[PDB]
Amino acid sequence: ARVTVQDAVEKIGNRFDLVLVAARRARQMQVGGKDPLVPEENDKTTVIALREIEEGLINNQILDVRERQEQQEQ
Amino acid sequence: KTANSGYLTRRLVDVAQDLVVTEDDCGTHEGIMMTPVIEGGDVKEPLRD
Amino acid sequence: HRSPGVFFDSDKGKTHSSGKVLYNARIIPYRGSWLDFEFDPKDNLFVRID
Amino acid sequence: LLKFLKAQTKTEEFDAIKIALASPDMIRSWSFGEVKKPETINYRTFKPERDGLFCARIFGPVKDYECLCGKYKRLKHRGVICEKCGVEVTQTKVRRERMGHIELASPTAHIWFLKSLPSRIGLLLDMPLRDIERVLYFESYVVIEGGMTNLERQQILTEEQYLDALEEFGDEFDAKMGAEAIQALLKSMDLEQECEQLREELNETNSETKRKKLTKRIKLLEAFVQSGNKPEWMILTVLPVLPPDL
Amino acid sequence: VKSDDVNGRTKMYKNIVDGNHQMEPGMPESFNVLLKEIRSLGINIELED
Amino acid sequence: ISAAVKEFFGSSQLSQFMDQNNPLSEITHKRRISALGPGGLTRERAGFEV
Amino acid sequence: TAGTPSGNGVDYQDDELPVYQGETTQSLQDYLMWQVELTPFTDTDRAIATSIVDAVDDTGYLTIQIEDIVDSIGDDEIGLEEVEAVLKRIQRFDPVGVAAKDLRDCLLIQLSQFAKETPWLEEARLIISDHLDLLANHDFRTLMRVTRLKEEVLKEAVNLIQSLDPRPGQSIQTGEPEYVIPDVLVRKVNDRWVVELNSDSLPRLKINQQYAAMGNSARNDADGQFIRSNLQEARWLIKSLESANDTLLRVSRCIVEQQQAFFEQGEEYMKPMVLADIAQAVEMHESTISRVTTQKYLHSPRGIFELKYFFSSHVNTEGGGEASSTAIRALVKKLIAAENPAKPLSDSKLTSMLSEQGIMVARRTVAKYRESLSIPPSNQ
DNA sequence: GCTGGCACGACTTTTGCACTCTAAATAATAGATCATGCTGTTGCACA
RNA sequence: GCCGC
DNA sequence: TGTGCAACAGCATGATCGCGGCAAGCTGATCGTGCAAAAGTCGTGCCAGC
Ligand SMILES: [Zn+2]
């Protein structure tokens with residue numbers, strides 16, 4: 001549970017782009033074909049994506065590359 | 001007075017709604033001079049504010 | 001409500017922005033048409049019926 | 001002929017809403033029929049009256065994929081026009097979309113363009129809005145053409161003057177007291193020669209009084225020329241009607 | 001959707017029941033009513049592509 | 001006659017349900033003076049001095 | 001009025017330019033399509049579901065045939081094998097038993113969803129529903145021998161059968177419009193049975209039309225005089241309404257004076273009133289009077305509410321002069337109702353009794369009268 | 001032999017086509033506030 | 001008509 | 001020195017005047033017509049089932 005997303009905002013600093021990046025990651029974890037990269041503490045995919053962004057292992061560029069790698073795999 | 005204030009707010013919103021920050025830096029050298037608000041011998045607004 | 005009768009007013013003296021106070025007279029009946037007497041800035045009697 | 005998806009395709013890509021005047025042909029293009037009876041429905045059978053304001057032959061059906069008189073009532077029938085009644089089998093929501101049109105048997109003027117302080121018809125005519133209002137309601141005549149006689153192109157001769165001209169001029173005098181007169185003299189105008197002549201005058205003579213009126217006239221004339229409209233479309237000889245469900 | 005999108009409402013409800021949470025927005029019916037009302041005057045208003 | 005009488009008594013501006021929350025509320029409604037109504041003045045037509 | 005009912009709840013759209021707007025309502029098909037959207041179906045399955053939901057009647061039954069459903073699709077690999085599967089899936093919806101082919105299907109589907117330990121489930125699952133349904137319609141005395149079971153157990157097997165819902169799908173149906181009647185023509189009982197016309201509102205429309213049209217014309221703010229714009233339109237409106245009211249009142253008066261025998265004493269004293277009979281009475285064409293009397297209703301202390309009922313052109317070749325079948329129909333109903341427990345009421349016997357009473361009616365004519373609203377009490 | 005739902009020749013009902021024909025009486029008063037265009041009035045320069 | 005401004 | 005033109009004051013008209021919520025409170029339709037044309041129906045007699 002994350003009351004404040006400051007850390008996530010400062011990881012990639014716009015306060016607007018992060019909301020999108022987190023929506024993309026949350027769609028990935030919710031619709032299917034993705035598993036969290038951080039331990040799951042019975043919390044929702046929204047805050048899971050926010051915590052992954054805060055930990056520094058999720059950003060728009062990696063979503064673009066991981067997508068490219070998984071498209072080349074198929 | 002509540003109406004008179006709401007009509008003013010409507011007019012201001014409708015005149016100003018089309019303003020978004022769409023650039024990072026324009027590079028212009030134009031500006032405005034800023035001085036403290038001194039009225040006669042009494043000051044209300046320092047330069048810092 | 002306003003009682004029927006005759007009443008005199010001055011519209012506060014700010015109509016023409018010239019500082020001219022305009023005086024008017026009015027007759028109200030219980031039922032029927034109304035009667036008005038007014039003063040123009042040129043000081044001429046005017047009657048506004050109904 | 002099944003699995004059709006019309007609700008999905010109802011959302012179509014778009015951009016840059018435009019607005020313009022509607023020609024009579026454009027109005028007829030929208031229309032799915034003509035309204036001729038001021039009766040929406042009949043209490044005899046509690047059905048939408050034929051050729052009325054609320055009708056089923058136009059505007060579409062009234063109950064799902066069934067049609068009036070029950071000749072074709074199922075979804076198996078699609079786009080079928082019954083012989084007894086022109087009602088077509090449909091979802092019936094089309095009652096919010098189909099428009100319909102009514103003829104005026106006589107041209108009338110749009111209050112949108114007539115009755116406004118910067119009246120586009122009156123300013124285009126240049127003649128006063130009071131004159132147009134008097135002509136529009138048959139109080140006075142406005143002669144047109146009449147080059148041979150002494151009458152001007154935009155004369156405001158009244159009934160007595162009309163009788164005098166008929167006694168004296170006889171032929172060559174063309175005056176109408178209706179909205180057809182304004183449409184006729186709106187059609188006869190040539191925008192290019194008129195606007196150019198006004199521009200030639202505007203630049204030849206300079207005065208702070210006439211400059212504003214001349215500039216406004218050049219602006220409006222160019223608007224019409226640069227827009228593709230036709231000044232005769234202000235007056236309308238037809239009339240669209242709203243879909244019944246609205 | 002959730003106001004005047006007739007198809008968007010049902011699509012959103014189905015997605016929420018399925019646990020998808022995707023808006024898939026369309027066009028409000030009020031704007032269509034406005035277009036019909038304006039066309040019912042002598043004015044032609046259209047959506048370009 | 002009956003139509004006019006019932007029109008006045010039933011559907012009129014000064015005719016309305018008496019507040020029955022309390023006896024005092026009913027008394028206040030009974031002793032109440034209004035400047036509006038048919039022969040009165042409308043709300044927007046009123047001014048500060050009225 | 002000794003007592004007055006409270007005003008019915010009404011509404012009108014406030015603070016909205018298109019006044020009164022409207023309100024959506026839920027129907028049987030609307031509630032069934034809502035369930036279709038929320039169940040896992042494929043594209044073709046959804047298309048079939050919509051096709052068979054469109055064919056569901058207000059009762060919730062499937063009016064169109066399954067083969068006709070397959071024909072409507074007109075798509076390969078959409079044979080009745082999968083149409084049946086989608087149909088069963090839809091039948092297992094919230095109004096259980098909806099969209100059923102016939103009465104047997106409703107009961108079979110309803111009985112499928114039970115505890116499977118019901119005391120007489122299997123006794124009535126197929127033995128009574130899927131077989132010998134006509135016997136259950138009848139006394140089913142021989143059904144006990146047919147099913148090799150005692151009458152005692154059947155006495156509650158049929159109880160469970162009746163516990164099953166007869167017509168499922170009309171429960172979700174709302175029913176807000178009561179179709180009440182204002183009874184435009186109230187008539188009362190006096191020394192000669194006078195009649196009156198209510199709800200005219202002609203003076204009300206006259207006063208409003210005056211205050212609007214003639215009010216604007218009399219308002220001297222506008223130049224000239226509006227003596228022809230609306231002043232001679234309100235007059236036309238008043239004349240039209242008054243003419244319609246007078247025509248209706250005169251026609252109803254003629255009907256009442258002719259059918260006073262119906263209202264007086266017993267009801268079934270109708271003369272076979274033909275359109276020409278009143279047409280000559282008012283010296284006016286029958287068609288204009290007919291159109292008038294199509295949906296106009298009268299308020300009676302005992303009489304039926306409907307002008308068209310009095311016409312009964314049914315001379316029936318009755319013995320002395322002529323008579324009316326509606327009166328004859330009431331006589332037949334009363335006679336058949338008051339009979340022995342056997343109640344033969346044979347169409348030949350009933351016709352003979354009617355002829356003895358003085359109504360020379362054919363044997364088959366009485367049969368059509370009986371079959372109109374009744375069934376032969378074991379007359380076969 | 002007894003009984004119970006199908007057709008037929010008069011009668012009856014419905015339906016477009018079709019052109020119809022006064023004085024009363026109701027409210028103003030009691031929002032200002034601003035912008036714009038039309039019309040009559042007056043100062044200024046010319047032959 | 002009332003409630004929160 | 002009498003005259004025509006452009007700038008200006010007075011008047012009439014149009015447009016605008018906050019946001020949410022709860023009550024109680026309610027509108028009609030008309031011809032008509034006669035006339036055949038058409039559709040529809042009623043009293044009556046059929047053949048098939050018990
Ligand atoms: Zn049809």
Side-chain angles (χ1 to χ4, degrees), chain B residues 1-11, chain C residues 1-2 7 9 26 28 31 33-34 36 41 48 50, chain D residues 39 41-44 50 115-118 128-130 207-209, chain F residues 11 16-17 19 29 35 38-42 44-50, chain G residues 7 9 20 182 184 199-202 205 215 217-218 227 234 236-245 247-248 272 274-276 284-288 290-292 294 308 311-317 325 362-364 367-368 370 376:
Chain B
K1 64 175 54 184
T2 320
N4 299 350
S5 53
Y7 188 36
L8 180 67
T9 311
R10 265 207 85 233
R11 291 178 281 168
Chain C
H1 71 112
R2 319 170 65 190
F7 302 109
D9 221 345
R26 166 101 53 110
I28 294 92
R31 70 207 177 67
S33 51
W34 289 1
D36 297 323
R48 193 178 303 273
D50 221 348
Chain D
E39 39 264 58
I41 58 182
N42 51 359
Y43 313 96
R44 215 97 63 221
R50 202 195 207 285
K115 205 65 163 51
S116 56
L117 297 196
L129 180 272
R130 186 210 336 105
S207 295
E208 98 184 359
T209 42
Chain F
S11 177
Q16 73 281 65
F17 300 57
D19 312 359
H29 198 178
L41 52 90
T42 323
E44 302 79 58
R45 312 284 73 70
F48 283 107
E49 268 77 80
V50 193
Chain G
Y20 157 70
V184 64
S199 178
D200 50 64
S201 66
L202 165 67
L205 169 136
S217 72
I227 322 181
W236 296 121
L237 192 45
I238 301 172
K239 262 59 217 183
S240 302
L241 257 61
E242 80 185 68
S243 62
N245 289 28
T247 53
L248 171 62
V274 191
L275 277 169
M284 149 195 315
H285 190 239
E286 328 181 4
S287 169
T288 156
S290 67
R291 295 177 184 180
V292 160
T294 198
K308 282 303 180 59
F311 298 56
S312 59
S313 56
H314 314 297
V315 292
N316 59 293
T317 66
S325 80
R363 173 282 169 185
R364 196 37 193 75
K368 135 174 190 153
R370 200 278 320 301

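Proteins come first, then strands; the chains are lettered A, B, ... in the order of their sequence lines, and each starts at number 1. Note that these values count all heavy atoms, side chains included, but never hydrogens, waters or copies made by symmetry.
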Next on the checklist: Give me the distance, rounded to whole Å, that separates J:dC31 from H:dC21 when you measure between the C1' atoms they each carry.
Outcome noted: 10 Å
Checklist entry - For D:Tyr43, what residues pass the side chain to side chain contact (heavy atoms under 4.5 Å, CB included) criterion, not counting sequence neighbours? => result D:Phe46
Next on the checklist: Taking the sign of the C1'-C2'-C3'-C4' torsion, positive for north and negative for south, which way does the sugar of J:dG21 pucker?
Outcome noted: north
Checklist entry - Under the 3.5 Å rule, do the base of H:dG4 and the side chain of G:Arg363 count as making a donor-acceptor pair? => result yes
Checklist entry - With G:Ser199, which residues qualify under side chain to side chain contact (heavy atoms under 4.5 Å, CB included), at least two apart? => result none
Checklist entry - What would the secondary structure line of DNA chain H be in dot-bracket form, counting Watson-Crick and G-U wobble pairs under 3.5 Å, with [ ] for pairs that cross earlier ones and | for pairs with another strand? => result |||||||||||||||||..............||||||||||||||||
Next on the checklist: Is there a side-chain contact between C:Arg31 and the phosphate of H:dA27, meaning an N or O under 4.0 Å from OP1 or OP2?
Outcome noted: no
Checklist entry - Taking N and O atoms by type only, does the side chain of G:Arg364 place a donor or acceptor under 3.5 Å from a partner on the base of H:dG5? => result yes
Next on the checklist: Applying side chain to side chain contact (heavy atoms under 4.5 Å, CB included), can you list everything that pairs with G:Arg291, at least two apart in sequence or on another chain?
Outcome noted: D:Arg44, G:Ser287
Item to check | Stack test, strand neighbours J:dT33 and J:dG34, 5.5 Å, 30° | outcome: yes
Item to check | Side chain of G:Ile227 - closest among J:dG32, H:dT22, J:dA7 | outcome: H:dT22
Sub-3.5 Å pairs of nitrogen or oxygen atoms, protein against nucleotides 37-39 of chain J:
none

Checklist outcome for this item: With north defined by a positive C1'-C2'-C3'-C4' torsion and south by a negative one, J:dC19 has a sugar that is north
Checklist outcome for this item: The side chain to side chain contact (heavy atoms under 4.5 Å, CB included) partners of B:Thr9 (sequence neighbours excluded) come to B:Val13
Checklist entry - According to a strict under-4.0 Å criterion, is G:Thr247 in side-chain N/O contact with OP1 or OP2 of J:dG32? => result yes
Item to check | Nearest listed nucleotide, side chain of G:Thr317, among H:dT39, J:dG43, J:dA29 | outcome: J:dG43
Got a list of protein N/O to nucleotides 13-16 of chain H N/O distances below 3.5 Å?
{"residue": "H:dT13", "atom": "OP2", "partner": "G:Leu275", "partner atom": "N", "Å": "3.4"}
{"residue": "H:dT14", "atom": "OP1", "partner": "G:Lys308", "partner atom": "NZ", "Å": "2.8"}
{"residue": "H:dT15", "atom": "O4", "partner": "G:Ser287", "partner atom": "OG", "Å": "3.4"}
{"residue": "H:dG16", "atom": "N7", "partner": "G:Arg291", "partner atom": "NH2", "Å": "3.1"}
{"residue": "H:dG16", "atom": "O6", "partner": "G:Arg291", "partner atom": "NH2", "Å": "2.5"}

Checklist entry - Just checking G:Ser199: base, sugar-phosphate only, or nothing, at a heavy-atom cut-off of under 4.0 Å? => result base
Checklist entry - Of all residues at least two apart in sequence or in a different chain, which pass the salt bridge (charged side-chain N to carboxylate O under 4.0 Å, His left out) check with F:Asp19? => result none
Item to check | Upstream residue (5' side of DNA chain H) when C:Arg26 and D:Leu117 are each assigned their closest nucleotide | outcome: C:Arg26
Checklist entry - Under the side-chain hydrogen bond (donor to acceptor under 3.5 Å, both in side chains) test, which residues partner F:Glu44, sequence neighbours left out? => result none
Checklist entry - From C1'-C2'-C3'-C4' alone, north or south for the sugar of J:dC26? => result south
Item to check | Footprint string (nucleotides 15-22 of chain J, 5' to 3'): B base within contact, S backbone only, - free, heavy atoms under 4.0 Å | outcome: -SSB----
Between the protein and nucleotides 43-47 of chain H, list every N/O to N/O distance that falls short of 3.5 Å.
none

Next on the checklist: Tell me which nucleotide, if any, is Watson-Crick or G-U wobble paired with J:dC26 when both distances must be under 3.5 Å.
Outcome noted: none
Checklist entry - Under 4.0 angstrom, heavy atoms only, what part of the nucleic acid is F:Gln16 near: base, sugar-phosphate, or nothing? => result nothing
